[PDB]
Amino acid sequence: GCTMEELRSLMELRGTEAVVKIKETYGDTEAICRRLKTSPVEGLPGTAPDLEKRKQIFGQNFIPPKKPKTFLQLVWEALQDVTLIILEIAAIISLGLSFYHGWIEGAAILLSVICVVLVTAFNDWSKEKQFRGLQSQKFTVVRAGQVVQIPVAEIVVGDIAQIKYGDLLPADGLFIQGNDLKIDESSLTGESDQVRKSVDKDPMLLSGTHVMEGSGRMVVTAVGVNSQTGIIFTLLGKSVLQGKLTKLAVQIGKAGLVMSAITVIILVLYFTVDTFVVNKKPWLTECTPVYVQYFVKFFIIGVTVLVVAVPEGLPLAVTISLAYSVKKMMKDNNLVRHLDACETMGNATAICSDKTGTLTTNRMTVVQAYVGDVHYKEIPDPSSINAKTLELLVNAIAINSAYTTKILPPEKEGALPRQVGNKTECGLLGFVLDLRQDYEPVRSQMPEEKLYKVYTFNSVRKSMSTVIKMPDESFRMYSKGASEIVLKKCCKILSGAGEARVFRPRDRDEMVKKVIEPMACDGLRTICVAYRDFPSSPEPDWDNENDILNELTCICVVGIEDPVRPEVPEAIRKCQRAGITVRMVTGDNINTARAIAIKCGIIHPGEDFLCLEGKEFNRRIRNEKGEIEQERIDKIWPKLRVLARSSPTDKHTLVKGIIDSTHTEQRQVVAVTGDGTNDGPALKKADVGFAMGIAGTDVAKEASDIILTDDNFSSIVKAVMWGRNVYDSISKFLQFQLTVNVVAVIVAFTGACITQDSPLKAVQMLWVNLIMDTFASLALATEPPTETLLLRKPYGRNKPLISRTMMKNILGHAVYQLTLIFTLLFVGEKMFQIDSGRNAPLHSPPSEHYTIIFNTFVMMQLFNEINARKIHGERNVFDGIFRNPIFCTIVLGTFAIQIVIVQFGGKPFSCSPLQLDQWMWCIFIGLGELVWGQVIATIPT
Ligand code: BEF
Ligand SMILES: [Mg+2]
């Protein structure tokens, strides 16, 4: 009768509000313990496997992954695409209809489909397997009187667990009793500062959070999936480019159907009119045996024109370009996982970045210091002050801090140093390392037993101190604490390299406070270090702390802050001028979020944009009854930059509101960056979700698409560059392929209706469509990206792939190619003085006349791609071709293969040898394309 639904309802209500709720729902966290068969002493007294299985109805505390399949499931999933469906349907209907009493086209289309499916499946499998490479127990529980180590999987509701510093909490719990406990909830909650846990205030232990200092015992309330991490994890279970490609594919396939209908209608009408103009058929009974065969042949003639129109090489070329771009992007520490999220970042219009972890290094470090009455805005050289102050400070910081608090090297490659102990006095300890000194020998010389008296931190006075009597017969004391707490108890200060001077509270404490205000304005918390030496004779009374804690001598005041990453301020500036507006959504305090937002440049001074808290954000959107309407979100999202104190649901609500909104003129593509379990839900809804590699939890990397291995914010810009470059490469390849297809379909239409022979045989067109154009995509997608791409404004979510300038080049070069092909077909026989091959008995040697047309058609395309490298109105189409060796290599290889094919082809390729004069004439006719390119560029678009 525990009704675990109310138990998990007791969770997810962190803060002092939990204390209020448990006061009316329960007693003082001992009533709930009584509602279970447990006691604070020897909780769950009998292990009792039957009782353990009885309480196992709550959870088993284990969640395994899936690992869907090795290769078959991915292959099967890849086959369900619109483009491949129409390609395979056309292939199968062409192959089947070739036998009605064809063999080549169906096999070619099927082979292309197999190739694209295999490439996509292999790339996805390789990336998925590589992702798990970077992502690759028992603690004290009082079972029966004696505390006994037990594995994590055996934890059940009601177990009493003991927690000491350095442990990792396996399940949610309630604070029973313990010393001063501090829990780091930076990953789960998102609060930068350490949270103090006590029975009186905030007794809400959460799973998956480290414990910094203190010891205690807790009950276990939510064991497995019901825990806070489990809820988010189990909630985690059509790129923009694919939508545009599918729309283009269904628009192109629609166009060829009209042409096929035109061919069949015109030919059938011609046959009927010609037959019924000279004589009249019986019309009575002759229609059964042979009349239907004419129309079936006409239908076959129409279908063979329909087949040519659709581009059978588009999917393979797009996949090859995307694969090359993905492989080239890994050198910038971006690990794309789906192979189709490579382009989604290029046209991004908004970024929602987490504060802690992503924008900030998540480590407390000393930003600025004040030593010797000389303000230093930056960490100084140790030789700067060069006095006894350096050694005295080092000794004070080392001795006064707790010996458990220590800093350890990463002992790894490319990682930040780890901080185990209290990180409020670990940046202060790291200040010594920043001054290029050694703290460890000082502590090793004086252990605890050689420290006479220690004044531990207490609630009454926010200060900590220690006293060491070693150096001489006289005594020495060090003190560390908050700024104003110790400053008012300070009577002297050091001045540069000189001795102490009177810190009388007349205009001097006032000036010190005057320099303190900028530190508090910049968000820095102020901590000061003081010291005082005691005479040996008489022996002072340590019990009387009234006066020994006063008359201190401050040495320095240092500011402690959670600083921004070194490269964030510039990266945001670049991506903000490229049309991408940046927002900050975090679960930390509103005061801390605002201070760091200004430094990163997200919000500039002037109070132009509103910053809202999470509770107000939830309250405003809901329209009384308690449902979310898009109008309310459209009210506030256009000018909401900082969102603080947000639960994971709020982040998901915001990124859903922006995507599904038509308030603005253009549709929005939202990308979200994060590193914690908070951004689990928000990374899924985002179109492309980045995640930190070395400083990110496992849930964040499960919901991400592009993992930043080097976890540096400067690689967001390069993702934009590469996305825009991929879009440009796909645009230019489309520009090339559409001209090829238009010319081919018009030639086939003319060779079907007006004449009975087509100069381009089925075998000849296979090589041009499949082999030559596939290598022509890799030669066009290999141009190196440049920084100049970051000035173009983002494109819309619904803007068609074919721009206005691309329609000028597609139809412009179709005019030039058609006229020359037609003239070489009709009147080329007299030009070359060669015997005509216009008509054949269908069993004849390959005519030289048609080989001229085929070689001219191929040779004009080789110089069409050298022209197709400029999508915009660039006249100079030869720029940077030298910085592209693979392009020239592919062009020359294609030319040599064309020579070999045409010279040694024979019957299978419907080609005959050519004399060198005809080769030169064909090469010149091809070279005319470059000259015509300037003319076609001259016309305004
Ligand atoms: F504060 Be973040 F969401 F880790
Ligand atoms: Mg974070």
# chains A, B, ... in the order shown; residues from 1 in each chain; ligands from 1
call {"tool": "select_by_dssp", "arguments": {"residues": "segment 472-504 of chain A", "states": "strand (DSSP E)", "output": "list in words"}}
result
residues 476, 477, 478, 479, 480, 481, 482, 490, 491, 492, 493, 494, 500, 501 and 502 of chain A
call {"tool": "closest_atom_pairs", "arguments": {"of": "chain A", "to": "ligand 1", "cutoff": "10 Å", "atoms": "only C-alpha atoms and all ligand atoms", "output": "tab-separated table"}}
result
residue	atom	partner	partner_atom_place_in_ligand_line	distance
A:185	CA	ligand 1	4 (F)	9.2
A:186	CA	ligand 1	4 (F)	6.2
A:187	CA	ligand 1	4 (F)	5.1
A:188	CA	ligand 1	4 (F)	7.0
A:189	CA	ligand 1	1 (F)	6.8
A:190	CA	ligand 1	1 (F)	3.5
A:191	CA	ligand 1	1 (F)	6.5
A:192	CA	ligand 1	1 (F)	7.7
A:353	CA	ligand 1	3 (F)	8.4
A:354	CA	ligand 1	2 (Be)	4.8
A:355	CA	ligand 1	1 (F)	5.5
A:356	CA	ligand 1	1 (F)	4.3
A:357	CA	ligand 1	4 (F)	5.7
A:358	CA	ligand 1	2 (Be)	7.3
A:359	CA	ligand 1	2 (Be)	9.3
A:360	CA	ligand 1	1 (F)	9.6
A:362	CA	ligand 1	4 (F)	9.3
A:584	CA	ligand 1	3 (F)	9.9
A:585	CA	ligand 1	3 (F)	7.6
A:586	CA	ligand 1	1 (F)	5.1
A:587	CA	ligand 1	1 (F)	5.6
A:588	CA	ligand 1	1 (F)	6.7
A:644	CA	ligand 1	1 (F)	9.7
A:645	CA	ligand 1	1 (F)	9.6
A:646	CA	ligand 1	3 (F)	8.9
A:647	CA	ligand 1	3 (F)	9.1
A:648	CA	ligand 1	3 (F)	8.2
A:651	CA	ligand 1	3 (F)	9.2
A:673	CA	ligand 1	3 (F)	9.3
A:674	CA	ligand 1	3 (F)	6.2
A:675	CA	ligand 1	4 (F)	5.5
A:676	CA	ligand 1	4 (F)	4.1
A:677	CA	ligand 1	4 (F)	6.9
A:678	CA	ligand 1	3 (F)	4.8
A:679	CA	ligand 1	3 (F)	5.6
A:680	CA	ligand 1	3 (F)	9.0
A:682	CA	ligand 1	3 (F)	9.7
A:695	CA	ligand 1	4 (F)	9.9
A:696	CA	ligand 1	4 (F)	8.5
A:697	CA	ligand 1	4 (F)	9.1
A:700	CA	ligand 1	4 (F)	9.4
call {"tool": "write_last_selection", "arguments": {"atoms": "N, CA and C atoms", "output": "compact mmCIF listing (two decimals), in the first residue's frame"}}
result
# COMPACT_ATOMS: atom_id res chain seq x y z
N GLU A 185 25.33 19.09 -7.70
CA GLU A 185 24.25 18.78 -8.63
C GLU A 185 24.39 19.57 -9.92
N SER A 186 25.63 19.77 -10.38
CA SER A 186 25.85 20.52 -11.61
C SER A 186 25.30 19.78 -12.82
N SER A 187 25.45 18.45 -12.86
CA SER A 187 24.97 17.68 -14.00
C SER A 187 23.45 17.54 -13.96
N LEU A 188 22.91 17.03 -12.85
CA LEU A 188 21.47 16.79 -12.79
C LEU A 188 20.70 18.10 -12.72
N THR A 189 20.94 18.91 -11.68
CA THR A 189 20.14 20.11 -11.47
C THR A 189 20.59 21.26 -12.37
N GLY A 190 21.89 21.50 -12.47
CA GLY A 190 22.41 22.63 -13.21
C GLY A 190 22.86 23.81 -12.37
N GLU A 191 22.88 23.68 -11.05
CA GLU A 191 23.36 24.74 -10.18
C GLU A 191 24.88 24.68 -10.07
N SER A 192 25.54 25.82 -10.30
CA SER A 192 27.00 25.85 -10.29
C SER A 192 27.55 25.66 -8.89
N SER A 353 21.67 27.47 -25.76
CA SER A 353 22.84 26.87 -25.14
C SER A 353 22.71 26.87 -23.62
N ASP A 354 23.09 25.75 -23.00
CA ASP A 354 23.13 25.63 -21.55
C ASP A 354 24.27 26.47 -20.98
N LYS A 355 24.04 27.02 -19.78
CA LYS A 355 25.07 27.87 -19.18
C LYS A 355 26.20 27.05 -18.57
N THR A 356 25.89 26.23 -17.58
CA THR A 356 26.91 25.47 -16.88
C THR A 356 27.39 24.31 -17.74
N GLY A 357 28.70 24.19 -17.89
CA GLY A 357 29.27 23.13 -18.70
C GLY A 357 29.53 23.54 -20.13
N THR A 358 28.53 24.12 -20.79
CA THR A 358 28.69 24.50 -22.19
C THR A 358 29.39 25.84 -22.34
N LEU A 359 28.78 26.91 -21.82
CA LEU A 359 29.39 28.23 -21.93
C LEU A 359 30.47 28.46 -20.88
N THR A 360 30.36 27.82 -19.72
CA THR A 360 31.31 28.01 -18.63
C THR A 360 32.05 26.71 -18.35
N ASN A 362 32.76 25.24 -15.72
CA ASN A 362 32.23 24.46 -14.60
C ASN A 362 33.30 24.13 -13.57
N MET A 584 20.12 31.68 -23.94
CA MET A 584 20.68 30.90 -22.85
C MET A 584 19.54 30.37 -21.99
N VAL A 585 19.42 29.05 -21.89
CA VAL A 585 18.45 28.40 -21.02
C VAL A 585 19.22 27.57 -20.01
N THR A 586 18.99 27.82 -18.72
CA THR A 586 19.73 27.15 -17.66
C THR A 586 18.84 27.01 -16.44
N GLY A 587 19.23 26.08 -15.56
CA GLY A 587 18.54 25.85 -14.31
C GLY A 587 19.14 26.53 -13.10
N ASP A 588 20.12 27.42 -13.29
CA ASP A 588 20.81 28.07 -12.19
C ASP A 588 20.05 29.33 -11.76
N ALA A 644 16.12 31.33 -16.64
CA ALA A 644 16.76 30.74 -15.48
C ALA A 644 15.75 29.98 -14.63
N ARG A 645 16.27 29.03 -13.85
CA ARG A 645 15.45 28.17 -12.98
C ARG A 645 14.41 27.41 -13.80
N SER A 646 14.90 26.59 -14.73
CA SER A 646 14.05 25.84 -15.64
C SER A 646 14.25 24.35 -15.43
N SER A 647 13.15 23.64 -15.21
CA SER A 647 13.17 22.19 -15.18
C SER A 647 13.34 21.66 -16.60
N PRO A 648 13.73 20.39 -16.76
CA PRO A 648 13.90 19.85 -18.12
C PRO A 648 12.66 19.96 -18.98
N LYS A 651 12.64 23.48 -20.81
CA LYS A 651 13.50 23.53 -21.99
C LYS A 651 12.83 22.87 -23.18
N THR A 673 22.63 23.08 -27.73
CA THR A 673 23.88 22.55 -27.21
C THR A 673 23.76 22.35 -25.71
N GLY A 674 24.32 21.25 -25.21
CA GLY A 674 24.26 20.97 -23.79
C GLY A 674 25.17 19.83 -23.43
N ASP A 675 25.32 19.61 -22.12
CA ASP A 675 26.22 18.58 -21.64
C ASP A 675 25.67 17.77 -20.47
N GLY A 676 24.42 17.99 -20.06
CA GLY A 676 23.90 17.40 -18.85
C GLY A 676 22.57 16.72 -19.09
N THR A 677 22.13 15.98 -18.08
CA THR A 677 20.87 15.25 -18.18
C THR A 677 19.67 16.18 -18.26
N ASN A 678 19.85 17.47 -17.96
CA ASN A 678 18.80 18.46 -18.16
C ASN A 678 18.42 18.59 -19.62
N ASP A 679 19.42 18.57 -20.50
CA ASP A 679 19.21 18.81 -21.91
C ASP A 679 18.87 17.54 -22.68
N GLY A 680 18.56 16.46 -21.98
CA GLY A 680 18.08 15.26 -22.61
C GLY A 680 16.86 15.52 -23.47
N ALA A 682 15.51 18.32 -24.34
CA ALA A 682 15.66 19.45 -25.25
C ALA A 682 16.55 19.14 -26.44
N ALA A 695 33.15 16.40 -21.39
CA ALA A 695 32.48 16.95 -20.21
C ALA A 695 30.97 16.82 -20.32
N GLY A 696 30.50 15.66 -20.77
CA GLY A 696 29.07 15.44 -20.92
C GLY A 696 28.61 14.10 -20.38
N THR A 697 27.42 14.07 -19.80
CA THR A 697 26.88 12.83 -19.26
C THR A 697 26.43 11.91 -20.40
N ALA A 700 23.11 12.90 -22.34
CA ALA A 700 23.24 13.96 -23.34
C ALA A 700 23.79 13.43 -24.65
call {"tool": "residues_around", "arguments": {"residues": "residue 570 of chain A", "least_positions_apart": "5", "cutoff": "10 Å", "atoms": "only C-alpha atoms", "output": "ChimeraX atom specification"}}
result
/A:575-576,600-601,713-714
call {"tool": "residues_around", "arguments": {"residues": "segment 791-797 of chain A", "least_positions_apart": "3", "cutoff": "10 Å", "atoms": "only C-alpha atoms", "output": "ChimeraX atom specification"}}
result
/A:240-241,243-244,346-349,574-575,577-580,665-669,724,787-788,800
call {"tool": "write_last_selection", "arguments": {"atoms": "N, CA and C atoms", "output": "PDB file, in the first residue's frame"}}
result
ATOM      1  N   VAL A 240      16.040  18.288 -42.628  1.00  0.00           N
ATOM      2  CA  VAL A 240      15.497  19.319 -43.510  1.00  0.00           C
ATOM      3  C   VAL A 240      15.887  19.059 -44.959  1.00  0.00           C
ATOM      4  N   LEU A 241      17.103  18.561 -45.184  1.00  0.00           N
ATOM      5  CA  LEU A 241      17.554  18.303 -46.549  1.00  0.00           C
ATOM      6  C   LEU A 241      16.725  17.211 -47.215  1.00  0.00           C
ATOM      7  N   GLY A 243      13.610  16.419 -46.766  1.00  0.00           N
ATOM      8  CA  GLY A 243      12.316  16.923 -47.197  1.00  0.00           C
ATOM      9  C   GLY A 243      12.392  17.643 -48.528  1.00  0.00           C
ATOM     10  N   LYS A 244      13.388  18.521 -48.679  1.00  0.00           N
ATOM     11  CA  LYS A 244      13.561  19.233 -49.940  1.00  0.00           C
ATOM     12  C   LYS A 244      13.879  18.274 -51.079  1.00  0.00           C
ATOM     13  N   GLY A 346      23.634  24.166 -41.165  1.00  0.00           N
ATOM     14  CA  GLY A 346      23.993  25.301 -42.000  1.00  0.00           C
ATOM     15  C   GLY A 346      22.944  26.395 -41.999  1.00  0.00           C
ATOM     16  N   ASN A 347      21.669  26.015 -42.071  1.00  0.00           N
ATOM     17  CA  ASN A 347      20.568  26.966 -42.139  1.00  0.00           C
ATOM     18  C   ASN A 347      19.926  27.209 -40.778  1.00  0.00           C
ATOM     19  N   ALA A 348      20.680  27.027 -39.698  1.00  0.00           N
ATOM     20  CA  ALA A 348      20.135  27.241 -38.365  1.00  0.00           C
ATOM     21  C   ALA A 348      19.776  28.707 -38.169  1.00  0.00           C
ATOM     22  N   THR A 349      18.698  28.948 -37.425  1.00  0.00           N
ATOM     23  CA  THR A 349      18.237  30.298 -37.145  1.00  0.00           C
ATOM     24  C   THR A 349      18.208  30.635 -35.663  1.00  0.00           C
ATOM     25  N   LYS A 574      30.706  35.763 -34.031  1.00  0.00           N
ATOM     26  CA  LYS A 574      30.681  35.375 -35.437  1.00  0.00           C
ATOM     27  C   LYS A 574      29.334  34.778 -35.822  1.00  0.00           C
ATOM     28  N   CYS A 575      28.838  33.827 -35.029  1.00  0.00           N
ATOM     29  CA  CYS A 575      27.591  33.160 -35.381  1.00  0.00           C
ATOM     30  C   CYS A 575      26.384  34.074 -35.228  1.00  0.00           C
ATOM     31  N   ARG A 577      26.334  37.292 -36.369  1.00  0.00           N
ATOM     32  CA  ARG A 577      26.237  38.086 -37.587  1.00  0.00           C
ATOM     33  C   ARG A 577      25.795  37.262 -38.789  1.00  0.00           C
ATOM     34  N   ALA A 578      25.828  35.934 -38.686  1.00  0.00           N
ATOM     35  CA  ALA A 578      25.373  35.058 -39.755  1.00  0.00           C
ATOM     36  C   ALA A 578      23.879  34.779 -39.684  1.00  0.00           C
ATOM     37  N   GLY A 579      23.115  35.638 -39.012  1.00  0.00           N
ATOM     38  CA  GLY A 579      21.679  35.479 -38.922  1.00  0.00           C
ATOM     39  C   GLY A 579      21.187  34.559 -37.830  1.00  0.00           C
ATOM     40  N   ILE A 580      22.071  34.058 -36.974  1.00  0.00           N
ATOM     41  CA  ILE A 580      21.713  33.117 -35.918  1.00  0.00           C
ATOM     42  C   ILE A 580      21.666  33.868 -34.597  1.00  0.00           C
ATOM     43  N   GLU A 665       8.055  35.644 -40.079  1.00  0.00           N
ATOM     44  CA  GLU A 665       7.923  35.461 -41.522  1.00  0.00           C
ATOM     45  C   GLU A 665       8.469  34.110 -41.967  1.00  0.00           C
ATOM     46  N   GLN A 666       9.642  33.733 -41.465  1.00  0.00           N
ATOM     47  CA  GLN A 666      10.337  32.529 -41.901  1.00  0.00           C
ATOM     48  C   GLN A 666      10.279  31.459 -40.819  1.00  0.00           C
ATOM     49  N   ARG A 667      10.210  30.200 -41.245  1.00  0.00           N
ATOM     50  CA  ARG A 667      10.264  29.087 -40.309  1.00  0.00           C
ATOM     51  C   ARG A 667      11.643  28.999 -39.667  1.00  0.00           C
ATOM     52  N   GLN A 668      11.672  28.508 -38.431  1.00  0.00           N
ATOM     53  CA  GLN A 668      12.878  28.487 -37.616  1.00  0.00           C
ATOM     54  C   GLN A 668      13.435  27.075 -37.526  1.00  0.00           C
ATOM     55  N   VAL A 669      14.757  26.960 -37.626  1.00  0.00           N
ATOM     56  CA  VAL A 669      15.474  25.714 -37.382  1.00  0.00           C
ATOM     57  C   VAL A 669      16.309  25.911 -36.127  1.00  0.00           C
ATOM     58  N   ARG A 724      26.797  24.925 -44.905  1.00  0.00           N
ATOM     59  CA  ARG A 724      26.561  25.774 -46.069  1.00  0.00           C
ATOM     60  C   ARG A 724      27.334  25.274 -47.284  1.00  0.00           C
ATOM     61  N   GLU A 787      36.012  31.060 -45.273  1.00  0.00           N
ATOM     62  CA  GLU A 787      35.374  31.852 -44.227  1.00  0.00           C
ATOM     63  C   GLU A 787      34.288  32.770 -44.772  1.00  0.00           C
ATOM     64  N   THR A 788      34.309  33.070 -46.072  1.00  0.00           N
ATOM     65  CA  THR A 788      33.348  34.003 -46.645  1.00  0.00           C
ATOM     66  C   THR A 788      31.916  33.480 -46.628  1.00  0.00           C
ATOM     67  N   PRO A 800      12.711  26.360 -52.152  1.00  0.00           N
ATOM     68  CA  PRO A 800      13.010  25.245 -53.056  1.00  0.00           C
ATOM     69  C   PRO A 800      14.495  25.147 -53.363  1.00  0.00           C
TER      70      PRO A 800
END
call {"tool": "residues_around", "arguments": {"residues": "segment 401-417 of chain A", "least_positions_apart": "6", "cutoff": "8 Å", "atoms": "only C-alpha atoms", "output": "PyMOL selection string"}}
result
chain A and resi 425-426+429-430+443+694
call {"tool": "write_last_selection", "arguments": {"atoms": "C-alpha atoms", "output": "compact mmCIF listing (two decimals), in the first residue's frame"}}
result
# COMPACT_ATOMS: atom_id res chain seq x y z
CA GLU A 425 38.61 26.54 -1.60
CA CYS A 426 39.98 24.50 -4.51
CA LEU A 429 44.36 26.28 -3.83
CA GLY A 430 44.76 26.33 -7.62
CA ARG A 443 51.19 20.17 3.81
CA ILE A 694 34.67 14.91 -22.61
call {"tool": "residues_around", "arguments": {"residues": "segment 841-843 of chain A", "least_positions_apart": "6", "cutoff": "12 Å", "atoms": "only C-alpha atoms", "output": "number ranges by chain"}}
result
A: 756-757, 907, 910
call {"tool": "select_by_dssp", "arguments": {"residues": "segment 815-846 of chain A", "states": "helix (DSSP H, G or I)", "output": "list in words"}}
result
residues 815, 816, 817, 818, 819, 820, 821, 822, 823, 824, 825, 826, 828, 829, 830, 831 and 832 of chain A
call {"tool": "residues_around", "arguments": {"residues": "residue 513 of chain A", "least_positions_apart": "4", "cutoff": "12 Å", "atoms": "only C-alpha atoms", "output": "list in words"}}
result
residues 483, 484, 487, 488, 505, 506, 507, 508, 509, 517, 518, 519, 520, 526 and 557 of chain A
call {"tool": "atom_distance", "arguments": {"atom1": "atom CA of residue 42 of chain A", "atom2": "atom CA of residue 144 of chain A"}}
result
5.2 Å
call {"tool": "closest_residue", "arguments": {"among": "A:272, A:60, A:741, A:459", "to": "residue 180 of chain A", "atoms": "only C-alpha atoms"}}
result
A:459
call {"tool": "decode", "arguments": {"residues": "segment 809-820 of chain A", "atoms": "C-alpha atoms", "output": "PDB file, in the first residue's frame"}}
result
ATOM      1  CA  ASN A 809      21.956  27.710 -66.316  1.00  0.00           C
ATOM      2  CA  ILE A 810      19.775  24.600 -66.678  1.00  0.00           C
ATOM      3  CA  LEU A 811      17.695  25.984 -69.548  1.00  0.00           C
ATOM      4  CA  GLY A 812      20.481  28.181 -70.915  1.00  0.00           C
ATOM      5  CA  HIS A 813      22.860  25.313 -71.664  1.00  0.00           C
ATOM      6  CA  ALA A 814      20.051  23.053 -72.881  1.00  0.00           C
ATOM      7  CA  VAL A 815      19.623  25.420 -75.836  1.00  0.00           C
ATOM      8  CA  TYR A 816      23.260  25.176 -76.926  1.00  0.00           C
ATOM      9  CA  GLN A 817      23.460  21.387 -76.622  1.00  0.00           C
ATOM     10  CA  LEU A 818      20.185  20.746 -78.462  1.00  0.00           C
ATOM     11  CA  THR A 819      20.977  22.806 -81.563  1.00  0.00           C
ATOM     12  CA  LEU A 820      24.380  21.224 -82.194  1.00  0.00           C
TER      13      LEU A 820
END
